[PDB]
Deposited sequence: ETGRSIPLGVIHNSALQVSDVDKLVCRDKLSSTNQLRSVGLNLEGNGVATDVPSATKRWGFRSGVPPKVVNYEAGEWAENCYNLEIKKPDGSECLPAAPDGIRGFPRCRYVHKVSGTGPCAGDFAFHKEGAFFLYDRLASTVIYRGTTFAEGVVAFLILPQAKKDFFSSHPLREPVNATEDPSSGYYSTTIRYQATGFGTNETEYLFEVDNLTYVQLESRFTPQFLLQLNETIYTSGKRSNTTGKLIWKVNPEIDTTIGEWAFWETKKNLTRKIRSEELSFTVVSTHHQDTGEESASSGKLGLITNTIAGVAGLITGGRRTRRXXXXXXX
C-alpha cells in the first residue's frame, strides 16, 4: 500500500498494515492530508546547471498527475521554454487547470534549444514536478514548478518573487551551455557556483557600471571566482 504517515509516541512513522491499531482514530476525511515537500529541503543542488541534469526526455510513458493539498514555500522554481533547433516545441502546453507553483522566491526561466529526444521530460530520480496543488511526472511548457515528492498522513514578510532568465544550448545533454541574461544583448557565462543572490547583485552592478552592450550585438561576460539556502564579443571581470 502507498505509505500513510501517523504520529505514534511523539514520532512520525509509517502505519504498518497487517497490524491494526484500534487506538488510532479517523473521525473524518478532513484528518487525511496529502502533502508536497521540495527536494530543496533535502539539500539537493538548486542551481540551473545541476537541476536540469536531473530531467530527461523519454517516449512511450504516458504522463500521470496526482493532486496534493498543501505545499512548501520554495526558494528555487523553474520555468522552461525549450525548442528543437528547427523551432518546434519540446514541451507540451499546460493542461487546463495546471497553474504554476504558488510560492517561489526565484523563478529560473530557461529558454533555449536542445535535441529533446523524447515525447515528454521526466525526473531522472523519480521525483515529481510540483505545480499548483497538482503533481505531474512530466514538465509542461512555460509553467513554473518546484521539484518535490508527495506524502500522505493522518492528523491527530509577504511574498516576493523575482524572475532570473537564462539562455541554453544543448539542453538535456552532457554539453549544455547556459547564459545568465541581464538584458536582450548582454549575457554572463553561467557557473554552478552562482547563487540566485549573486546573479541579482551581478546584474545590478552591470547596470550601474554601464557594462551593458552599447552596440547592436551580443555581449558575453566571463567572471573570476570572486551550506544550504536556509542556513560576437566576449570578455572578463574580476
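- Residues of the deposited sequence lacking C-alpha coordinates, counted from 1, fall in the stretches 1-4, 161-183, 254-260, 266-323.
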